[PDB]
Amino acid sequence: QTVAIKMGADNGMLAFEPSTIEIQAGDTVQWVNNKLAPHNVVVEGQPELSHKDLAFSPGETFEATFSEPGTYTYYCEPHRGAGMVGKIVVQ
Ligand SMILES: [Cu+2]
């Protein structure tokens, strides 16, 4: 299935929302540029699931399919210092 994660929280925080999500192996995650762009997504240790190019416009989306179970930490480069870091748990 496909699950969505907002980049920039609805309340104005520099965060992914939800900041932690659990999915099943084979599921696709779609990140959607929400507020306080630009943002990107670097998945630690996983260059193939990462999207280093910045997203500037609201609604811009990009996806990654997680085929291996495990816990993945990811972050937004420009806002990493502000705590914009997320976690994906693949069951
Ligand atoms: Cu960001």
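Numbering of chain A is taken from Swiss-Prot, so the residues present carry the numbers 35-125, in order.
Note: Cβ is positioned from N, Cα and C throughout, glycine not excepted.
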- Message: Among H73, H85, which residue shares the Cu cation site with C110, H113, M118 according to Swiss-Prot?
- Response: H73
- Item | DSSP helix/strand/coil residue counts for the domain 'Plastocyanin-like' (35-125) | 6 helix, 45 strand, 40 coil
